[PDB]
Amino acid sequence: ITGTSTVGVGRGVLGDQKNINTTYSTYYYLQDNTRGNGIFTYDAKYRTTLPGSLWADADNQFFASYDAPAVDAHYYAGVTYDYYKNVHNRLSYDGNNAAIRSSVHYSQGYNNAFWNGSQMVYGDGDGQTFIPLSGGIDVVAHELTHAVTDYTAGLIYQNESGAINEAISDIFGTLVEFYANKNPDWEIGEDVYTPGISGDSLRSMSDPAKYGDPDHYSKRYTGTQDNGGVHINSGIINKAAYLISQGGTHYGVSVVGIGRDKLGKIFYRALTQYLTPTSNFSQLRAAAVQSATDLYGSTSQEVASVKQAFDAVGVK
Ligand SMILES: CC(C)C[C@H](NP(=O)(O)CNC(=O)OCc1ccccc1)C(=O)N[C@@H](C)C(=O)O
Ligand SMILES: [Ca+2]
Ligand SMILES: [Ca+2]
Ligand SMILES: [Ca+2]
Ligand SMILES: [Ca+2]
Ligand SMILES: [Zn+2]
């Protein structure tokens, strides 16, 4: 909408106060004009028609319980935009400052979030498996990263290419969580998963097997559930990424860590310059090795560590 840029204040899902960029024209709208061609947050009103209504508020204060998922979807989309722009020189998900749209309060008791081809969508959860999913910065960044993937490598959402697609979203979700630097970890969704259980998460990158996901190619799932295991087999690539950054010895194979920033550079380059819609895990290894070679040189520690990490998870 046409209006003037304003700054509202509210509380997110976890009870924390933050400022948000809004637009005033009669109402205050969740429309942040400070980033690209805008970040827009919508109310789906517990229904499944999308996007729903651009979020309108009378007073620019967003402290109601109903407001909290919108505050966080809006704010964390901003953080994710900033990460891609500042760290990777990428302007929004399409590289040309496409408007970023999110809807919250999608459906009833909805234990998921997704990119629908055009926008992000967040359930409220059922209060048992999830609370409103936009409360997780890693979740928001995971979702926006699906848009980045779709505009770049285009990894098909099934089997190995789909597990790479998933791991890319977990990797960048985590790197955005570290970028914001509030309780960062290598777990996925911990801030919004199972409010009645402390210390767990939906997935772990550092130890995927903790939540039943494979950490070695020999343990890959090859059945048909979950689009051929895209959220399961992602553990193999998540573990490799974790090892590249943090190091470790895994099934006897030692990896020298090179840190998060270099992990991100290597994988961003792989995603945008080498991966294709049909890439498999072996092809990801080759893309990561080539990306590290481009950035750091063939004889570098960075290249050596990429190879060690893929060796450690059984991907040649
Ligand atoms: C980071 C978490 C909290 C959310 C994350 N959601 P996601 O974006 O991977 C869900 N994916 C999804 O709905 O894909 C199906 C789809 C939906 C619309 C268009 C095309 C394909 C996830 O791991 N979801 C798990 C629970 C799952 O779907 O198994
Ligand atoms: Ca208000
Ligand atoms: Ca965390
Ligand atoms: Ca996390
Ligand atoms: Ca929990
Ligand atoms: Zn995903």
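Residue numbering for chain A follows Swiss-Prot; the residues present correspond to positions 233-548, in that order.
Every residue, even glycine, has its Cβ placed from backbone N, Cα and C.
Pulled from Swiss-Prot, these are the features on record:
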- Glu375: active site (ACT_SITE)
- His463: active site, proton donor (ACT_SITE)
- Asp289, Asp291, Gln293: Ca(2+) 1 binding site (BINDING)
- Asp370, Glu409, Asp417, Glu419, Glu422: Ca(2+) 2 binding site (BINDING)
- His374, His378, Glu398: Zn(2+) binding site (BINDING)
- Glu409, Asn415, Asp417, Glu422: Ca(2+) 3 binding site (BINDING)
- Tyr425, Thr426, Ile429, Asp432: Ca(2+) 4 binding site (BINDING)
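All features noted in Swiss-Prot, drawn onto the structure.
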residue : record                    : Cβ contacts under 8 Å, 6 or more apart
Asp289  : Ca(2+) 1 binding site     : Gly240, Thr254, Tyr259, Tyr260, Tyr261, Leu262, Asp299
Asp291  : Ca(2+) 1 binding site     : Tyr260
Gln293  : Ca(2+) 1 binding site     : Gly240, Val241, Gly242
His374  : Zn(2+) binding site       : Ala345, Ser401, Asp402, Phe404, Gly405, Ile420
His378  : Zn(2+) binding site       : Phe346, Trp347, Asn397, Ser401
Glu409  : Ca(2+) 2 binding site     : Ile369, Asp370, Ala373, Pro416, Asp417
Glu422  : Ca(2+) 2 binding site     : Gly368, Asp370, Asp432, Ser433, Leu434
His463  : active site, proton donor : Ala395, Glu398, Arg435, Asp445
Return the count of C-beta atoms lying within 10 angstroms of the C-beta of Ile429 (Ca(2+) 4 binding site), excluding that atom itself.
9
Can you check which residue among the binding-site residues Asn415, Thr426 has the largest number of Cβ atoms within 10 Å of its own?
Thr426
Return the count of C-beta atoms lying within 10 angstroms of the C-beta of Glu398 (Zn(2+) binding site), excluding that atom itself.
29
Spatially, and counting Cα to Cα, which of the recorded positions is closest to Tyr425 (Ca(2+) 4 binding site)? Options: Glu375, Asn415, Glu419.
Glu419
When a 10 Å sphere is centred on the Cβ of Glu419 (Ca(2+) 2 binding site), how many other Cβ atoms does it contain?
23
Check: same-chain CB within 8 A of Ca(2+) 3 site center, minus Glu409, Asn415, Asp417, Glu422:
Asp370, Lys414, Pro416, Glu419, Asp423
Among the recorded positions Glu375, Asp417, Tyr425, point out the residue whose Cβ has the most other Cβ atoms within 10 Å, with all shown protein chains included in the count.
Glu375
Cα-Cα separation of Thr426 (Ca(2+) 4 binding site) and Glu419 (Ca(2+) 2 binding site), in Å?
14
Do you know which of the recorded positions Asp289, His374, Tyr425, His463 end up with C-beta under 6 Å from ligand 1?
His374, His463
Taking ligand 5 as the reference and 6 angstroms as the Cβ limit (strictly under), which binding-site residues among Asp289, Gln293, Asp370, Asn415, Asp417, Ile429 are close?
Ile429
